[PDB]
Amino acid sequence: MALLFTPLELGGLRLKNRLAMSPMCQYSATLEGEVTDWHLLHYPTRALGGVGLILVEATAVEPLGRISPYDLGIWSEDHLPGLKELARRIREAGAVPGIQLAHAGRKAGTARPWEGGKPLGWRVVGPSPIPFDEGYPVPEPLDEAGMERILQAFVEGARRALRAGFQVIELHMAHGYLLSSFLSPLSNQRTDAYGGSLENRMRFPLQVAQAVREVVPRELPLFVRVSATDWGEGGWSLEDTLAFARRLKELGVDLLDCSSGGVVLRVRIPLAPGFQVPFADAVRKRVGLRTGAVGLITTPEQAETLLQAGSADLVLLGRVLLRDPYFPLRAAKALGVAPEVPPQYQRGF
């Protein structure tokens, strides 16, 4: 009896446990956005490490939607060989391969975090002409053709992702990037049908979700990651998230990946173990939409407990899998579950 290691039915899939690798940018792609040797070592290692699902890092649906010049990309058919080999190796190592589709919006074009992370001066786009912070380029507000172009890029990115062998698609609608910035009034001050009211701010994000859902068969889960709150005064709140989650549920979205923050910088975030679990909890229990919990989950007993409480269906792990890629194998034993480990390693367990 450990829910953490009990299969999870999502869409038409059965994940072998409730542990997923959270998407984590590695900033190690080529300038063309191609998979490199780094990702082919990085991701299969965690697959052997025991997660039932790996969500590959934010992958830009167009070059202007990248965070860094070394982000993975999926805007071109020439990304398919590298991406396909990535999903193959993840699957061969025992995990279901998924990928997060993303568009950095007004936060596009920054240096690698360990190279300063400074803006590069790209012609970034967003809902309204408001820069992210000091020194960031002023985003060019999108017109209806621009939004349609990016929507089609998300659609083609999903089609490409499926051709590559990925079986879970997450739309990155969080952390102050393009679609997250349309939701929040701190970054969306538009006066047309796509800003102002809650219904208007959700309009373009829900169009993208609907369009992608239509090209992803029901058997393959479609995730949506959101910042359940932007932690800003008068900004996007949990009640807004619940309203947004109800609409995603009606469109056929399979699971809401509940993160927070990122819309603006100078806001206090009450960091603590499980500090975003209440967001996954509220959505799941008040809307009826499956949720993924993420945020300072580092312990087997902690992960099992939030599942026991009904706060989420899926536990996503980020930083603990950077420093302990085999955490799932050893977590099973910690919970009294015989770990399914590679035969080459059975003598180590």
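Residues carry their position along the shown sequence, with the first being 1.
Undergrad: Would you determine, from the values in the PDB entry, which of 336-344 and 322-330 has the greater average C-alpha temperature factor?
TA: That would be 336-344.
Undergrad: Could you check which stretch, 112-120 or 92-100, carries the larger mean CA temperature factor in the entry?
TA: Between 112-120 and 92-100, it is 112-120.
Undergrad: Checking the record values for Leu31, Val51, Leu55, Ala280, which has the greatest CA B factor?
TA: Spelled out: the listed residue with the top C-alpha B-factor is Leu31.
Undergrad: Name the one of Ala193, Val155, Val168, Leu256 with the greatest CA B-factor according to the PDB entry.
TA: Most elevated C-alpha B-factor of the set, per the entry: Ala193.
Undergrad: Once the chain's modelled residues are ordered by C-alpha B factor and cut into thirds, is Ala2 in the lowest, middle or highest one?
TA: Highest third.
Undergrad: Using the temperature factors of the C-alpha atoms in this entry, rank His172 within its chain: lowest, middle or highest third.
TA: Within its chain, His172 is a lowest-third residue by C-alpha B-factor, going by the deposited values.
Undergrad: Lowest, middle or highest third of the chain for the C-alpha temperature factor of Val125?
TA: According to the entry, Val125 has a C-alpha B-factor in the chain's highest third.
Undergrad: Using only modelled residues of the chain, where does the Cα B factor of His79 rank: lowest third, middle third or highest third?
TA: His79: CA B-factor falls in the highest third of its chain.
Undergrad: Can you work out whether the C-alpha temperature factor of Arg225 puts it in the lowest, middle or highest third of the chain?
TA: Answer is lowest: the recorded C-alpha B-factor places it there.
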